[PDB]
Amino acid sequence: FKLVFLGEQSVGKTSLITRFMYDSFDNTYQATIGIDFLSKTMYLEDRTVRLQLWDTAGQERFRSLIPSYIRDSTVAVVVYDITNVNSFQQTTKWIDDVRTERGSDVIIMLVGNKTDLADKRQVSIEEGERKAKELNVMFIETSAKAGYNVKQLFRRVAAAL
């Protein structure tokens, strides 16, 4: 259960981790610098699991040694912001990066985060599911802020292993 979180800056990667691991959320953006690590045991879908999580920096300058982390991980979590079409469009790139490194020997979850921002939605659930089916990855929509589907994201990934 070695998980790498990928996707564009400000989509909610860190926020999803903090929500799941610590059940908190904060509004003010602290960008991740390089690749942070968190390891903890959780009771997750009826078994104990040791979660080893790599939280990558979305900012372009930090995207050089990510290959090692992708090779090191059994699960890739690729997140976008449902309010931000570019961030969605860039998920093809991220999934490709995983595939280039592991092909079919990896669990991939595509995540449409920030659903609580309902009015500002620029990507439909439909389009998200479409992309997930086309690229053969799992799909879920979450809200780190409101606490929607975050436990489910980790559940579905843990039951995928």
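Position 1 is the first residue in the sequence shown; the rest follow in order.
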item	value
Average Cα temperature factor in the PDB entry - higher stretch of 97-105, 59-67	59-67
Mean C-alpha temperature factor, higher of 122-130 and 108-116	122-130
Third of the chain's Cα B-factor distribution that residue 25 belongs to, per the entry	highest
Chain-wide C-alpha B factor ranking for residue 3, given as lowest, middle or highest third	middle
